Structure formats: structure tokens, C-alpha cells
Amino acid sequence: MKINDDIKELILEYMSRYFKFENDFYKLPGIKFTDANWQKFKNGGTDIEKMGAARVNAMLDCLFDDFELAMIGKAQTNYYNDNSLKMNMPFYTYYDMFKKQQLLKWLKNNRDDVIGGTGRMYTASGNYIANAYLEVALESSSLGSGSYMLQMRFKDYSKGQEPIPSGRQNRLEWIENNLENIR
């Protein structure tokens, strides 16, 4: 893992995916940007490398599962050592591809260990964004109390938007039928 402009672009990309209103994110405890400093951050006026470590890691902690933070670091290693990848796509897009390949690996090795659920997002005003993402985990990686060592987040980007069913088998089949629609 390396903090740089690719990570700033990744944060801003994922912030826009989960948060309809930017202030629901940038006013969060641990992040707490003023309206002016937020705009400065979005527009390239603030070097993420020199920003406070707690603030940068709080933005990452909000947007990504801890396992996704490991995937970001592993994706960076692949990206910075592959000239074809750097030539063709920005880092955040490569990360989505790395993450999708991890899900394909889970589905291939043991589809029956793949579980999921709807994820919500806490806002600065003390409310929640319903259906912010689809949370996917390997059941065997359970850490107890709804925690999992291997866990990921996806967003449904289809026009069709096939309703995500509640029920273990129906959800696994939904995932398998919407692989091209989730990012």
C-alpha cells in the first residue's frame, strides 16, 4: 500500500458511488472537512501524501472493507509493475478489475462458501444510506459477530436493476447472473 494521487482518485470515485450528497461523507467524524477545504481537496489543491494520516485512513476506512484495503495494496503492486496496465487504464479502474477477478476466484473455488447482504452507509448527520452496496463474503472466513476476514463491496450498475433477493441460494444465483452488472 502507498498513499499517492491514484488513491485520492480512488477515494473520490468511491465517495461519488456511495454518497448522493458529498457532505454526508466529508463532514463525517474523523474526516471533518470544511466546505472550502473539501472543494480544495476535490480540485487538486491538497497533497494527499502530506495530509493527516488519521484523516486519510478514515476516508479509506469509510469507503472500503479492511479486506478491500489489502486488495488496493496488492492491485497497486500489479499496476506499478505492468506497463500495459498503466498505458491503458487509470488505477481505480484496474482495482475494480482486480476485485472482480477475486470474486470470480471465490465463485470458482467454492460458490457454496459465498454469502452476501445489503450494506448501509452511515452519514455525518447521523442517518443511513439504504442499499449503499452489496456486501459479499466467504462464510468460512467468519470472525464472529457479523465480521468476516474475506469481504467485498459491489454496486449494481445495470439499467435493469434485477431486485437483490433475500435468501442464501437466490442471492448466490443473483450474483452469478449479474457479474457483468456489478462494479
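Residues carry their position along the shown sequence, with the first being 1.
Stretch comparison (55-63 versus 116-124) by mean CA B-factor in the PDB entry places 116-124 on top. Between 79-87 and 92-100, the higher mean Cα B-factor belongs to 79-87. Ranked against the other modelled residues of its chain, the C-alpha B-factor of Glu22 as given in the entry falls in the highest third. Ranked by Cα temperature factor within the chain, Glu68 sits in the lowest third according to the deposited record. For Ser147, the recorded CA temperature factor ranks within the middle third of the chain's modelled residues. Per the deposited record, the Cα B-factor of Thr34 falls in the middle third when ranked against the other modelled residues of its chain.
When all modelled residues of the chain are sorted by CA temperature factor, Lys155 is found within the middle third.
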